[PDB]
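See structure below.
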Amino acid sequence: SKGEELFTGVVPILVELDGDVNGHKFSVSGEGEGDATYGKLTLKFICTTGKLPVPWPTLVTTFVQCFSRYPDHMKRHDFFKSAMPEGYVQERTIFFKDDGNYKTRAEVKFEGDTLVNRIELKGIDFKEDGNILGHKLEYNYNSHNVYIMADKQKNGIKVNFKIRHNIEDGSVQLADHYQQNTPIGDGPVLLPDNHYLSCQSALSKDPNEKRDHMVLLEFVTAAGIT
């Protein structure tokens, strides 16, 4: 497809987010590269306003599914790359069980040769002593399946999945994700049959970085269709 050819090699990525969670305002800037041929992403995020007021793992899903590896036989189901270079709007509501919710609006598109994800995040109803504002989540990330369906009504897709964040006491903090993606351009896009993305993420720290940050290595592959 049109956008498909934009991802045959290594593509630089920029992520910029402005957030407000229970009145705690912050910004994050991320840089890295993606190689969709291997469904691979490598990025480093830096909180530019000081200390991040929520745990880094809670922001991983918000911080470019166009880098997912779609097997050749599933290429016709790749909505994400088909919307490029004009891009798409990605919106989510993330419900943290027994706690608050994040509402995000992002625009993902190319600026020159660079794939950019610009995000605005609003978080409300969090408990000051909860797992999020209380910073009780382990600095790690589990593997998950992301379920995708077509949304012919909006010429886009609807996505849903459950993320399980590990709590320091051994328990788990569920974060239910509801997502919608709609093209920015008026060009045609690929509406997919139901399928899912299999994801895995590894979080680490740059030993020489004194600013609050997160290093992320991620692999994602589309599946569910033979």
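The slack in the chain from residue 191 to residue 110, taken as 0.36 nm per residue of separation less the alpha-carbon distance, amounts to 27.1 nm. Summary value for segment 1-61: 29 percent relative contact order, contacts being C-alpha pairs under 8 angstrom separated by 6+ residues. Using a simple spin-label model with pseudo-atoms 7 Å out from Cα toward Cβ, residue 155 and residue 172 lie 3.9 nm apart.
Taking a quarter of the surface of the Cα convex hull of segment 76-176, what do you get in nm²?
On the way: hull surface 32.4 nm².
Directional mean of the projected Cα hull area for segment 76-176 stands at 8.1 nm².
Among beta bridges identified by DSSP and lying wholly in the chain, the antiparallel ones come to about 90 percent.
Add +1 for every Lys or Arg and -1 for every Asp or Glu among the other residues with Cβ under 14 Å from the Cβ of residue 154, and state the total. All intermediate terms of the calculation are to be shown ahead of the outcome.
Details: positive: 152, 158; negative: 91, 151, 186.
Its environment carries a net charge of -1.
Between residue 35 and residue 124, take the C-beta separation as r, use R0 = 41 Å, and let me know the FRET efficiency to the nearest 0.05. Efficiency, rounded to the nearest 0.05: 0.65.
Take the residue pairs 2/40; 40/162; 51/154; 2/103; 122/158; 81/122 and return only those whose Cα atoms are more than 29 Å apart. Pairs exceeding the cut-off: 51/154; 2/103.
Provide, as a two-decimal number, the C-alpha radius of gyration of the chain over 2.2 N^0.38 Å, N being how many residues it has. Please report the intermediate quantities before stating the final value.
Values: Rg = 16.9 Å, N = 226, 2.2 N^0.38 = 17.3 Å.
Normalised Cα radius of gyration, the chain: 0.98.
How big is the antiparallel share of DSSP beta bridges in segment 1-117, given as a percent to the nearest 5?
On the way: 31 of 34 bridges.
Of the beta bridges lying entirely in segment 1-117, close to 90 percent run antiparallel.
Neighbours of residue 11 by Cβ distance under 10 Å: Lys/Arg scored +1, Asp/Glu scored -1, total -3. Where the centroid of each part is defined by its Cα atoms, how far is segment 59-97 from segment 166-226 in Å? Here the answer is 9 Å between Cα centres. Taking a label point 7 Å from the Cα of residue 138 along the Cα→Cβ vector, which residues of segment 151-191 have an amide N closer than 20 Å to it? Zone members listed by number: 162-176. Can you give the FRET efficiency to the nearest 0.05 for residue 211 and residue 164, using r as the Cβ-Cβ distance and R₀ = 35 Å? After rounding, the FRET efficiency stands at 0.80.
In segment 90-185, which chymotrypsin sites (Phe, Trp or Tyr not before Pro) are in a loop and have at most 16 other Cβ atoms within 10 Å, using DSSP for the loop call? Intermediate values should be presented prior to the final figure.
On the way: sites: 95, 96, 102, 110, 126, 139, 141, 147, 161, 178; in loops: 126, 139, 141.
Passing sites in segment 90-185 are 139.
Bear in mind these aren't lab numbers, they're just calculated from the coordinates by the rules spelled out. Note that we place each Cβ from the backbone using ideal geometry, even for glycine, and neighbour counts take in every protein chain shown.
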